[PDB]
Amino acid sequence: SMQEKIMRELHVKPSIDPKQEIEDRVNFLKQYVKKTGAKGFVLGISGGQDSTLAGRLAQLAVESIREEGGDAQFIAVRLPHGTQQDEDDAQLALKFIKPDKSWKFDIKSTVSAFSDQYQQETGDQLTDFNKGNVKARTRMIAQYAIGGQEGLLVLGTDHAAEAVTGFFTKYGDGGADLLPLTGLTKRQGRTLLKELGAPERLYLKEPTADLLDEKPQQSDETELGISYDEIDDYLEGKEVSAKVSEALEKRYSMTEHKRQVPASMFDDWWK
Amino acid sequence: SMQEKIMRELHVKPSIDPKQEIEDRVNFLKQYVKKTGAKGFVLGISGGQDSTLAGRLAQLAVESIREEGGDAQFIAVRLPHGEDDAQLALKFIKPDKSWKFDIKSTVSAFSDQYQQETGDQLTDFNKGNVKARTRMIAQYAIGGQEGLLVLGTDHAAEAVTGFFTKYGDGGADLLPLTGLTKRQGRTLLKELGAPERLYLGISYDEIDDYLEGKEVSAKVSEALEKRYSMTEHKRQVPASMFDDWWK
Ligand SMILES: Nc1ncnc2c1ncn2[C@@H]1O[C@H](COP(=O)(O)CP(=O)(O)OP(=O)(O)O)[C@@H](O)[C@H]1O
Ligand SMILES: [Mg+2]
Ligand SMILES: [Mg+2]
Ligand SMILES: [Mg+2]
């Protein structure tokens with residue numbers, strides 16, 4: 001079935017061993033930074049589930065490297081666009097992650113400069129949506145700037161529950177050097193957070209990209225028209241209603257370009 | 001050999017037929033844009049060989065679609081930071097639309113913000129990557145606003161050394177130049193009737209020799225094969241524990 005195919009392609013496991021998943025992912029982070037010779041990692045901490053989990057894994061990874069005699073550091077960075085509605089949750093996340101370094105970069109001035117320039121050049125005002133993507137892509141630039149200046153790798157937060165819908169910004173939050181959450185469903189991510197002892201609030205808030213000026217904190221589920229419980233059931237191979245299968249398989253097919261490098265005439269995935 | 005593996009992985013042909021390459025690459029653009037149902041393409045025009053070639057192919061592609069009764073447009077955009085060659089490229093490409101977006105104010109806002117937030121000045125090298133990534137945002141902003149696909153200028157001679165900014169000029173939706181070495185691209189521009197001025201630690205001709213399957217000194221192949229290995233991350237999606245190419 002297509003469900004089984006998508007499951008394989010996204011590396012999802014119907015049932016997991018929380019402790020073992022954490023070791024595998026921390027071990028991957030260690031192996032990768034060791035191979036590349038990088039000084040550590042950098043990641044934007046939004047206060048949301050995904051960055052909280054990836055962030056804690058990163059801190060654990062560098063603490064493990066130092067413990068064994070190596071050198072590594074993790075820079076957690078707040079990337080608010082002006083005043084962030086849920087800054088308090090981002091602070092709670094930082095409190096849990098306990099990163100080596102806690103930095104901050106307000107992207108508003110950069111996004112405003114770009115937005116003002118766009119209107120000046122074209123006479124058109126960016127739609128709230130397109131301006132939102134400028135925000136997501138500016139956060140990418142900020143993390144890579146810190147990464148290039150400090151010699152760190154940029155961590156990405158993509159996972160199966162996001163990959164299946166393609167709900168992320170190409171070259172924005174989708175742009176990163178390595179991904180510790182690949183294959184995890186949304187509920188499985190929560191399970192790892194539980195194993196890591198995160199404060200319940202960090203995994204009970206509605207997932208949101210929060211990129212719109214006119215509709216801040218817009219939930220993923222509202223925009224997608226499907227819940228994470230349905231998405232996770234589908235990914236974990238459970239028996240789901242036909243409506244869920246049709247919806248997800250349609251989105252997966254349409255967003256394949258987001259999961260592949262740029263298309264060339266030698267590729268067949270787009271035909 | 002490693003040279004054969006790389007040659008194969010980058011889709012390089014030792015010998016090419018200029019006219020058919022143009023036909024195949026124009027047909028690729030047409031086929032992809034129709035499949036996705038997009039309204040056309042957008043590409044930053046720098047005045048350099050690569051963007052001049054990709055741009056002309058893009059324009060030929062949209063004119064062909066319209067000739068066959070479809071709807072398509074190509075937006076060529078200048079992305080200066082704060083020119084004659086670019087102007088010349090535009091005169092040759094003859095795009096449906098000619099836009100411009102000065103990235104200066106954006107990069108400056110970012111640079112000043114970085115300094116005030118970290119107390120550190122953005123070095124020249126890192127600021128350069130910011131400029132490249134800002135051009136990416138600019139092209140994608142236009143693409144998102146106008147329903148257009150972002151074209152990339154990547155080719156074999158550029159891919160092998162991985163010398164391009166990840167998520168900068170490396171960020172695009174489709175690549176019409178894949179597989180071509182630097183001189184083959186030059187050959188295509190020549191066949192397209194482009195003026196000489198437009199198509200004219202290691203040299204490009206040396207790199208093209210390696211890619212096209214010619215004999216090269218150890219120092220060369222050694223360096224190129226190592227450069228390739230260390231920049232593989234630029235030719236793949238973000239690395240996960242399920243990947244092995246980085247090992
Ligand atoms: N305001 C912000 N501050 C810092 N980083 C941010 C940010 N908004 C987005 N990011 C970065 O972009 C990534 C993607 O964001 P999201 O898609 O919303 C997942 P999340 O926000 O981390 O958990 P979530 O599903 O609870 O929303 C985040 O994990 C984070 O690295
Ligand atoms: Mg996300
Ligand atoms: Mg979020
Ligand atoms: Mg300092």
Side-chain angles (χ1 to χ4, degrees), chain A residues 11 24-25 27-28 31-32 35-36 103-114 116-118 121-122 124 126-127 129-131 133-134 137-138 140-142 144-146 148-149 154 156 158 170-171 174-183 257 259-266 270-271, chain B residues 11 24-25 27-28 31-32 35-36 99-110 112-114 117-118 120 122-123 125-127 129-130 133-134 136-138 140-142 144-145 150 152 154 166-167 170-179 233 235-242 246-247:
Chain A
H11 311 293
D24 291 341
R25 295 159 192 286
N27 282 169
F28 160 62
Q31 292 178 174
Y32 199 87
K35 172 66 179 183
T36 61
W103 286 20
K104 173 271 195 174
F105 183 97
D106 188 333
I107 65 177
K108 194 160 184 293
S109 67
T110 299
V111 174
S112 291
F114 180 90
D116 288 347
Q117 186 73 205
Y118 194 86
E121 300 279 17
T122 70
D124 301 321
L126 289 173
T127 62
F129 180 68
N130 288 320
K131 178 182 179 187
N133 295 334
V134 168
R137 284 162 182 150
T138 294
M140 177 279 291
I141 295 184
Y144 270 90
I146 292 170
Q149 289 268 305
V154 177
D158 187 63
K170 174 183 284 191
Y171 302 153
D177 294 321
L178 70 171
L179 313 172
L181 315 183
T182 298
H257 72 285
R259 296 184 298 278
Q260 306 282 171
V261 300
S264 81
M265 57 191 186
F266 305 100
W270 58 266
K271 296 181 178 183
Chain B
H11 306 103
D24 295 328
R25 295 165 188 285
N27 280 169
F28 163 59
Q31 175 170 22
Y32 195 86
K35 179 60 188 303
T36 67
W99 286 26
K100 191 274 285 190
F101 184 97
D102 190 323
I103 66 170
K104 169 69 84 68
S105 67
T106 296
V107 178
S108 291
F110 182 88
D112 296 330
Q113 188 66 47
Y114 193 88
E117 296 284 19
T118 73
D120 304 322
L122 214 41
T123 68
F125 179 66
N126 294 305
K127 176 170 290 189
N129 287 324
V130 172
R133 287 160 179 147
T134 295
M136 177 280 295
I137 295 183
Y140 270 90
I142 297 171
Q145 285 275 296
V150 177
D154 185 61
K166 176 151 63 174
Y167 301 145
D173 296 321
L174 67 180
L175 314 168
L177 308 186
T178 301
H233 72 93
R235 300 183 296 280
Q236 307 286 168
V237 296
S240 83
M241 58 194 201
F242 299 93
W246 55 273
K247 300 177 178 187

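Reminder, nothing fancy here: chain letters follow the sequence lines and each chain counts from 1. What you see below is based on every heavy atom in this structure, not just the backbone, and it leaves out hydrogens, waters and symmetry mates.
The aromatic ring centroids of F110(B) and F105(A) lie less than 6.0 Å from each other.
Summarising the geometry of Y32(B) relative to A263(A), their closest heavy-atom pair is CE1-CB, 3.5 Å, with the distance given to 0.1 Å. Pairing each heavy atom of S240(B) with each of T182(A), the nearest pair is CB-OG1, 3.4 Å.
Using cut-offs of 30° and 60° on the angle between ring planes, the pair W99(B) and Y118(A) is perpendicular.
Contact of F129(A) with chain B is not made at all, since no heavy-atom distance falls under 4.5 Å. Neither the backbone nor the side chain of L181(A) comes within less than 4.5 Å of any heavy atom in chain B. For a residue to count as touching a neighbouring chain, one of its non-hydrogen atoms must lie under 4.5 Å from one of that chain's; by this rule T138(A) touches chain B with backbone and side chain alike. Neither the backbone nor the side chain of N27(A) has a heavy atom closer than 4.5 Å to any heavy atom of chain B. For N129(B), no part lies under 4.5 angstrom from a heavy atom of chain A. Within the 4.5 angstrom heavy-atom criterion, atoms from both the backbone and the side chain of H11(A) approach chain B. Residue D158(A) does not touch chain B at all, counting heavy-atom pairs closer than 4.5 Å.
Note: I137(B) leads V237(B), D120(B), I137(B), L175(B) in heavy-atom pairs under 4.5 Å with chain A. The residue among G152(B), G179(B), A141(B), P176(B) with the most heavy atom pairs within less than 4.5 Å of chain A is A141(B). Comparing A142(A), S112(A), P262(A) by heavy-atom pairs within less than 4.5 Å of chain B, the highest count is held by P262(A). Annotation: maximal heavy-atom pairing with chain A below 4.5 Å, among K104(B), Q31(B), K166(B), occurs at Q31(B).
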**Request:** Just do the side chain to side chain contact (heavy atoms under 4.5 Å, CB included) check on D106(A) and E117(B) with the steps written out, would you?
**Result:** CA-CA 8 Å; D106(A) 188 333; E117(B) 296 284 19; 3.7 Å; yes

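To the nearest 0.5 Å, atoms OG1 (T122(A)) and CD (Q145(B)) are separated by 7.0 Å. Annotation: the span from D177(A) atom CG to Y167(B) atom OH amounts to 7.0 Å, rounded to 0.5 Å.
Residue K35(A) qualifies as open at atom NZ: its count of foreign heavy atoms under 6.0 Å is 12 or below.
Within the 3.5 Å criterion, the main-chain N or O of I103(B) finds no donor-acceptor partner in the side chain of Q117(A). For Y144(A) (side chain) and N126(B) (main-chain N/O), no donor-acceptor pair under 3.5 Å exists by modelled atom type.
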